[PDB]
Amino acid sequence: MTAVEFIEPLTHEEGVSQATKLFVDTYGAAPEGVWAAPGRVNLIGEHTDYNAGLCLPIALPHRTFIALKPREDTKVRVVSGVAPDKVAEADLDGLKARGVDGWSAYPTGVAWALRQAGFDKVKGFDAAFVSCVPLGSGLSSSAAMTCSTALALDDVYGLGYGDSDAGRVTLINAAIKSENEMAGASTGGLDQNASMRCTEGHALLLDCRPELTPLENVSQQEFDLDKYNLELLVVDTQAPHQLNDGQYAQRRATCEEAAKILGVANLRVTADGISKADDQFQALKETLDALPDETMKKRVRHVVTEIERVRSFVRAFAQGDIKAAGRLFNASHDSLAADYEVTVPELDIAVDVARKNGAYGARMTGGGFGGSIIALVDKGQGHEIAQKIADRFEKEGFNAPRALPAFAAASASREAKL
């Protein structure tokens, strides 16, 4: 039985080359250019983004590439390099929310979102996608697809939102709106902020209070693994997970009803009230006594402690306290498992193997219910822990996992013009 596979990121050259070839093969004409948005890892601050909390993503070197040409009419053609025979075709003229299904919903929905926002310059396009953000990995293949399309449409229609950070929040809202209202997949804003606003060697300290301007809601935190002789191990469990199954939405609804019983606009209000209390334990106790439901107490107890763990992680990493940073990873997972109840055996067992084989800490990243774990480990130990996870997986009768190199990489950009 064969060694655990590592999924190497497509280079600049491979992405441009493969995106354009799929373009020419499907459409015949050359694209106007090639754009790209990365997948992401969320280091800590999970199930916080839709509660107006704190998140800390990095962008992966792993990118979705779009070759795009705008069209004179309102028709949209899209093709994906995982099925280069199925061209999906749709029409923007009079298009309604939910008006496209399948994966074509996501990129079509981006033009739909921009025309809904009053960008009357935006008509149709042909696009070809090639990605190495693994599907079902919970590393935001979704956001990589929408944010690449949103940057391409901004560029070819000359909207003027692509060449600034502040500008991209308008493209981000469009990408978010495509996923929520066209693809009908509930999403909270973490993935698309990461994909369009992270920078190399930095994590994005994202504040999700919706009243904040773009300059107020991000801080670039130094995240140089080489400084501390670290490696970030990422292992996609490949556990089975129905893409959009209602679990994520139930969570959001419980939180939204938490906030209503509590009489706050959102749980970040509640979390900030507890944090600044002398006796945080007494502050959380008085909060949970207001929620009569056992499960709702646990969801709120997760969101309150998780926001504080983001502030605690940002301090720990800047101090070079990698033991303390690892413990914060461990506490975030443990909270996701017990209090939020979004883990599965594959995630728990992968984490336990990492823990018992010298990881500073390990945790599920993104939504849960499957997908990927992340581990702060010593440089040169990633392969060994990945292979230990794979061996356990086979002993368990689980599907084989796969691992990804990971480090803080660049956000969305244009890769090619002519």
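Counting begins at 1, following the sequence as shown.
The PDB entry reports B-factors from which the mean C-alpha value can be compared for 83-91 and 211-219; the larger average falls on 83-91. Look at the C-alpha B-factors of 148-156 and of 272-280. On average they run higher in 272-280. When the C-alpha B-factors of 189, 326, 118, 320 are read from the PDB record, the largest value belongs to 118. Considering 103, 161, 125, 228 together, the PDB entry gives 103 the largest C-alpha B factor.
Residue 9: CA B factor lies in the middle third for its chain, per the PDB record. The PDB entry assigns residue 22 a C-alpha temperature factor belonging to the highest third of its chain's modelled residues.
Sort the chain's modelled residues by C-alpha temperature factor and residue 370 lands in the middle third, per the entry. Among the modelled residues of its chain, residue 300 has a C-alpha B-factor that falls in the lowest third, as given in the PDB entry. When the CA B factors of the chain's modelled residues are split into thirds, the value for residue 247 lands in the highest one.
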